[PDB]
Amino acid sequence: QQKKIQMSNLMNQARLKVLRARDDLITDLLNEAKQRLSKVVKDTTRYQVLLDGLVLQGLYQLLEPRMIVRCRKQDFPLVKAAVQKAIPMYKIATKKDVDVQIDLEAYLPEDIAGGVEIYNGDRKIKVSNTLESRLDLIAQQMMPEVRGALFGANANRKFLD
Amino acid sequence: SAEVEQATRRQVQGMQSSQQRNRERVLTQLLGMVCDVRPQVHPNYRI
Amino acid sequence: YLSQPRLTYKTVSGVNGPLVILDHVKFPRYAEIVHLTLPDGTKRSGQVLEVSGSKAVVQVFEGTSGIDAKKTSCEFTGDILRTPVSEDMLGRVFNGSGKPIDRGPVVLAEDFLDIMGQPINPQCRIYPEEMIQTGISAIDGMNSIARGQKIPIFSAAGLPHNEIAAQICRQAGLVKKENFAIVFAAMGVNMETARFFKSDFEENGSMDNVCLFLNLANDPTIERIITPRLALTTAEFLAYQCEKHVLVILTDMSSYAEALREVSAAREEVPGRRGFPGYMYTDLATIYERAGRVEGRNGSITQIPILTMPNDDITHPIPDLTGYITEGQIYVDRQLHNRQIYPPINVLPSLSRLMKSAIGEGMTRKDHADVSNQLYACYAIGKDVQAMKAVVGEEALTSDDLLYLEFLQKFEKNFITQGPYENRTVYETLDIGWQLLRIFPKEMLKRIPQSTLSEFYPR
Amino acid sequence: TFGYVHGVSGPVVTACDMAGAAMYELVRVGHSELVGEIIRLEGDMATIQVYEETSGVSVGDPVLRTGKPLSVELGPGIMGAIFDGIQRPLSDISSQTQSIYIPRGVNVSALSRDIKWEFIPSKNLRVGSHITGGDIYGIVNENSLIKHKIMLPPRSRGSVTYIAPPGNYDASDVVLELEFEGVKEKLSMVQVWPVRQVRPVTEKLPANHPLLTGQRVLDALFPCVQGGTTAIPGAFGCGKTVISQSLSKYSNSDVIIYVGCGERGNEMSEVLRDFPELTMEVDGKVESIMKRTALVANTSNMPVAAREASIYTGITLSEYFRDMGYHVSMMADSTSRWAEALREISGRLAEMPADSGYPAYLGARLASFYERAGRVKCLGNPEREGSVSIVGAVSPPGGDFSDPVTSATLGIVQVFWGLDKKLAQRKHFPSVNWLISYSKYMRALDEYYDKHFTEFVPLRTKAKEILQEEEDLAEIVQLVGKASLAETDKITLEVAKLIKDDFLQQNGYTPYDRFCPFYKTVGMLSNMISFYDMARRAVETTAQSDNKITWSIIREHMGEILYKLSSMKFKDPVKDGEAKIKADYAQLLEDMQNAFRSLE
Amino acid sequence: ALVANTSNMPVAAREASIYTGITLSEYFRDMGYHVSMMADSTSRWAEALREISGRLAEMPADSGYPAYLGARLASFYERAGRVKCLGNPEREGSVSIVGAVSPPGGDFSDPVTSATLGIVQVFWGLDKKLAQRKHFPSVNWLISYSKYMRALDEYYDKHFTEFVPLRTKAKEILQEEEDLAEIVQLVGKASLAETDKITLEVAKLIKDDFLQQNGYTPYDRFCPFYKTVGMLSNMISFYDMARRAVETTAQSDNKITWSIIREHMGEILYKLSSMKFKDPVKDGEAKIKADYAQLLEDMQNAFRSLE
Amino acid sequence: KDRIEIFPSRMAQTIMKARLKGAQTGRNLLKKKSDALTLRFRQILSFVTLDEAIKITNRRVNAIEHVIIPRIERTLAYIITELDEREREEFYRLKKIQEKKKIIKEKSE
């Protein structure tokens, strides 16, 4: 009688063991991706293009009469250019005159790979537009395709509807 | 109990081998998706 | 995917019980999921119930204590509640929110489904056919469950409805004259019973084919509402996309109904009949009717909702509104329980409207329908004779009456009484039936054709 | 034509910039085009009741205003299709998507625009002629059974400026153009009519022509008339299938409409699976019933607006063909399911409840539903006539008759075909209770019966008297055992059994008894009642003294006559023609009278 | 350590009293102690919730109670159980909760009764008719339940081995009596089987001399479990032997009936009815067990000599 | 007379349903007693004692059927109706409370 219970516990824990191992593979892959993105932000021209995009997308989502851009101190020269470009593009697209300032007193922690945060005039609304947040957001939304690519498709799934 | 641990190790090794075959391809696509920003104005914006 | 950075708001207009009222929110959605961060670093989840312009009203899943109107931040996801589903999640145990509580990893999704889903297009619905045997004779040889029907277990409070539900999960399967799974959701379950389900499923080796959702009595009441939707959302994925047959057991729908009333009050809706929302009817149908067979696919979903009857009154809106939209009933009694009969299921008031199609040659055995009808009449007569005996005495009875009393006593002792760990297949249940029927001479078995008797009656 | 969503409180959506909107108009809310209706209005804001789930709807979403209120799309292609309660083709949704679900915000036109229909003009109209509402200007050839007549929509008239030549047209083309007071209207083959509006007729006529169902019981004793309204109980064991199939297969009506209101998924499947497999002989060919049928399917988990609207969608489709000169028979699978949907909406609107929790207007809605049935004189110059019958079922919770829905229905319908479960348990079909069932059209049909059959009326009167007496004698028999019982009562008891066995009982699974022509039904009853009278006279005229006739003498003496009477149901109308069956029945009548004659 | 709060105290303290009590209970639970928390009334707590819900002008549910009443009661009731405590010492304590629902009636539609029943594992319902008859303690024995049977079966089988089957048979007898009682009220015992006559009399033996006790007497202020099972063991043994005797000699010459058994061994029924008076603690455990063994030997000799 | 005159309540509804079940069981058990006596009576046909026993039993059965149960059913239906009437007035008050709250809120804006 007790032998049956022992077999159940061994098989059930064995299933969890392999599932945890698969979750470690995903975790390690995401950590490697973060290191690869760190290598990207070490660039200059490619990173400035990312900043041009990130600032524009932040501004378009917040749509406030006044905005403050907060960034890592070492990235200020590049963000300055990104804001100067984002402003005339924003105004044309939205037809709203928004005063966009950069925060020169507070800066993002230097351990963040890169990206920006966008605050409204009273600093009560913030846009989580850093690179690490965007990567985590996309990695989860696209995760079903990661599963299949790495470990194979579900052989028992016949209808995708 | 040995047969359960033996099969478990084999399944983990299989997953490790499988994910390696295209590890760089999956990572490459992910970096491309995050790098491409594609800014957009909310669809309900009316001005 | 959206690939749109999330907005986090620190603007709070006020907090009122379970609700937090936000301000200056950009194009909020109804049913949007948000996450709160309290000043102590504590995180909470919630869902937007009303969006009146920029005034979004969010119900917090956990308690609202500790939330202020100055520092608490609200992160919006930009989307609604969509459950990650996969085949691998079968064999896992989750809480009401869909999070693992079995020390395993988070589900690695194959897709994301809206838990509310859609109604199944009736044009592609297939009438129920084959049977799914439960292993419990009282509901295999008397009121079997067709592969596609929805038949509830009504019980009074205090009866062993949870022990039977667990037994069904351990024993249920196909007739076998690898493609069968059970999805079990317990709403409002107390800690002692929740442990019972988790431990009993793990120990007996059944977990490989069970997806278990536990929503505890002290868990958020809103999570109790999605729990049955998550269970069915998984069932729909497993059944219709992965070509397999799924048995879904929804335990304590009465506790769900109470959680639904609480949500209605949060919306300041005027209560309807007996305090319940006027839309309780469609809400139960929304859950119950996400089942059955579909054209062109080999999967199926069945349901066995289990409901506690308040004050043991079948008239109460909960069992009344349920039964009105389900196909028959199992009905667990109290007299059989007090007499120490397990399972305590009373065959006379029970009914399975689809049994006519569930059983018969090619699905169970040729004689299934005939054995059931004769046993039912014999039990009904035995009860009638027992009532007579109590008035006229034993000496006033004739031989036929004594045979019915012998059947009555052995029927309950051998056929209905089973035990929680004896698994009686459909063929063993019928053989037990014949053992009781061979008490009577052939001429008294009026409901069994002579051809059936000649084949099965002897030996 | 667009407004914007101002806010969502659940299934209720508040719109802004929606000044140009009428109450009970239609809107398509959000980017998924969710179907809903406008109920309360204030200023340029509107309160929208959305039928489907509102999850995901944002503030600022568009709202598209549709000028027409809840309406049914009427035109070629309506036949053979299965619709949602708000007129959404389920056979196209499941076939254009390859899905098993009804998509949220699904937008499939009620009638497909990719079919090139065969249209023939009336050939009587000319450009410059005058046409009025209800006039027929051409016929579409759909199938071998039902011609789909194209009528000018009601509330329209004028001078004809263009008539399409005969040819192949789809539902998006222009077939007729007319000008009224300088205003030109371009009409296709499809018209739209608000579902809550009653389609006008020239006049509402009395219902005098019987509804010729195939059952001996539910005809001889409890007649229904074309245009009449009845109710049928719907319980698991009542055997309602017999009426549904017998009425849909062999009825003398032209078009069958089956309306679900909000039943169990598996029950809707049973109807959808059975109907396509039903056939009937027409011109000697066996045709599918779905060529002259339309069906509306609603399960209990469908949007409540559809479950409530389903009953009116069905009757609107019924009236559409009524206006063609067809006789239409509509069955509502469960009017209790409809009443449940109606109560739910009243609850959502926080209306004060009345009797047993139902809306105060429950009775008014049911009364206006059934009033739409009846025989009418149609609109349009063709001077055609038609009718709509309703055979809606009732299934109150608990099986009681106290529920306002069943009580109100019984006060409205003129015929009640009360079914029972005990009869089904006894294997006696059709399962007709007899003592509870009634028909209030017996007087209306007396003119027809007198004109064509003459003896039918006294026969059905005597038959009910015999059956009622059999019930009245039940207490005497229980306390006596037919010992201390009059010989005249023994005749009543044993003959009443003969009636119950070999007349009122009918076996629809036998090829000879599938359908009993009326002339056969009255033939069978005539001989049984003639026997009754002869047996009563044989005993009564000899019961004085010395030498009397008793039932034991009659039964033993002419047992072959009792057998021949029982054998009468086996006269298969398919092989034995009208003259042969009548001839054989005449021979039994003569043999029967002579059998008694030999005793005097 | 009790918490005192009277009906004339502010509604907010009336609500908080329960939370204060359970907080102290958990505090000592985390010491490894076994804590037993007794509530006076949860209907008064629910009343406080109804009063405050009204004052706050929030939408009510059934009978004026807040729709979240069930959540508050579940929150309280689920703060209990045997636990492994936090802290290095690996100590294990427990909290038991005994609730108390003041009954406006025997109708469990009562929002508080219904919400409690959906949570609690053991319900000791008190019958109104037994109270009117001054049968104490007043317990219905038909509508009550305990969901810990299987949990305690391990304990009972380890220490006693006899209790589980006695428990089953006792419940069978009480339920059989209720069904026979329904017929006797109609036919007046005109026709009864001899086994049915025994069931009625043994069931009365149980109702009067086992399930009835005066809790203010030295002998029944507390009856130790070994004695409770001892008493039942003898009564059930009597039942089985009395039933065997009449059914074994049935359809024969020397048919045994109840009238013969009651006259034959009347002193045995007196002794069985006297077991409640053995007075524990004043008298010794070893003697009480020995005395019950003597009753068993006397019964066995009584039936052996009868047959 | 016409009703047992128990004030409408959920407690009364529960009691009446239990009382009705008891009355229905008594009717059936006494009917079976009568049927058993009737069979023995007819078999014999200590005779007059059976004729009195049958008339006495049937009279009690008839009273349960024609007097006591109808009265329980009328009482139960009365209770059910009165309970729905109380539910309605609670709904009415709650509706006005919700409307008054909405009006108060608008004034504050």
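If you check the header, you'll see the entry was determined by cryo-EM and the resolution is listed as 3.6 Å.

The PDB entry annotates chain F as ATPase H+-transporting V1 subunit D of Rattus norvegicus. In the PDB, the entry goes by the title "Mammalian V-ATPase from rat brain soluble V1 region rotational state 2 with SidK and ADP (from focused refinement)".

Looking at the PDB entry, chain E carries the name ATPase H+-transporting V1 subunit A, with the source organism given as Rattus norvegicus.

Caption draft 1: Spotlight on the overall build of chain E. Scanning chain E from terminus to terminus reveals twelve helices and five strands. Here the C-alpha atoms of chain E give a radius of gyration of 24 Å, more than 25% beyond the 19 Å that 2.2 N^0.38 yields for 307 residues. Its C-alpha atoms give chain E principal-axis dimensions of about 80 × 55 × 35 Å. A fraction of 64% describes how many contacts in chain E between residues 6 or more apart in sequence connect residues 24 or more apart. Roughly 16900 Å² of accessible area belongs to chain E as shown, and the carbon and sulfur atoms make up 54% of that amount.

Caption draft 2: Broad picture of the interface of chain C and chain D. Listed per partner, the contact involves 50 residues of chain C and 49 residues of chain D. Counting the surface lost from both chain C and chain D, the interface buries some 4500 Å², and carbon and sulfur atoms represent 54% of this. Summed over the shared surface of chain C and chain D, the result is two salt bridges. For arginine 104 of chain D, the salt bridge goes to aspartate 114 of chain C, with nearest N and O atoms at 2.9 Å. Our count for the contact surface shared by chain C and chain D stands at 28 residue pairs in polar contact. The set of elements that each furnish at least two residues to the side of chain C that touches chain D consists of strand 5 (43-52), strand 11 (125-126), helix 3 (221-241), helix 5 (280-288) and helix 6 (317-323) of chain C. Broken down by class, the residue content of the side of chain C that touches chain D amounts to 24 nonpolar, 13 polar and 13 charged.

Caption draft 3: Focus on unusual backbone geometry. Following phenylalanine 429 of chain D, the chain continues into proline 430 of chain D via a peptide bond in cis, with omega recorded as -5°. Mapping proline 430 of chain D onto the fold places it in the loop between helix 8 (422-425) and strand 29 (438-439). Omega for the peptide link from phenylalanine 136 of chain E to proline 137 of chain E comes to -10°, which places this bond in the cis form. Mapped onto the elements, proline 137 of chain E comes out in the loop between helix 5 (128-132) and strand 5 (145-146). A positive phi angle, close to 65°, is found at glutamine 98 of chain D, a residue other than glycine.

Caption draft 4: Here's a closer look at the nonpolar core. Core analysis: the largest hydrophobic core is formed by 92 residues, its most contacted members being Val29 and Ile48 of chain D. Considering each element in turn, this core owes the most residues, eleven residues, to helix 1 (residues 2-41) of chain A. Among all residues touching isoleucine 48 of chain D, those that are not within four sequence positions of it are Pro11, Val12, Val13, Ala15, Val27, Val29, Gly36, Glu37, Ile38 and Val63 of chain D. Core analysis: the second largest hydrophobic core is formed by 81 residues, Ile102, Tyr441, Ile554 and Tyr585 of chain D among them.

Caption draft 5: View of the pairing of strand 7 (residues 73-80) of chain C. All names here are of chain C. Looking at chain direction, strand 1 (residues 7-9) and strand 7 are connected through two bridges and run antiparallel. In the sheet register, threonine 8 faces strand 7, and the bridge partner there is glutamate 75. In the sheet, strand 4 (residues 32-37) pairs with strand 7 via five bridges, with the strands oriented antiparallel. Bridge assignment links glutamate 32 to a residue of strand 7, and that residue is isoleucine 80.

Analysis parameters
- Residues numbered from 1 in each chain as written, not as in the entry; some residues may be left out.
- Chains lettered and ligands numbered in written order.
- Part of a larger assembly, values for the part shown.
- Heavy atoms only, no water.
- Helix = DSSP H or I, 4+ residues; strand = E, 2+ residues; numbered from the N terminus.
- Rg over C-alpha atoms; globule rule 2.2 N^0.38 Å.
- Contact = heavy atoms within 4.5 Å.
- Areas by Shrake-Rupley, 256 points an atom, 1.4 Å probe, with all protein chains shown as cover.
- Buried area = accessible area lost by both parts, 1.4 Å probe.
- Salt bridge = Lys/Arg side-chain N within 4 Å of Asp/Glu carboxyl O.
- Polar contact = N/O pair within 3.5 Å; in protein donor to acceptor, adjacent residues only side chain to side chain.
- Nonpolar A, V, L, I, M, F, W, Y, C, P; charged D, E, K, R; others polar.
- Core = buried A, V, L, I, M, F, W, Y, C linked by side-chain atoms within 4.5 Å.
- Buried < 20%, exposed > 50% of the residue type's maximum accessible area, 1.4 Å probe, protein only.
- Pairing = 2+ DSSP bridges.

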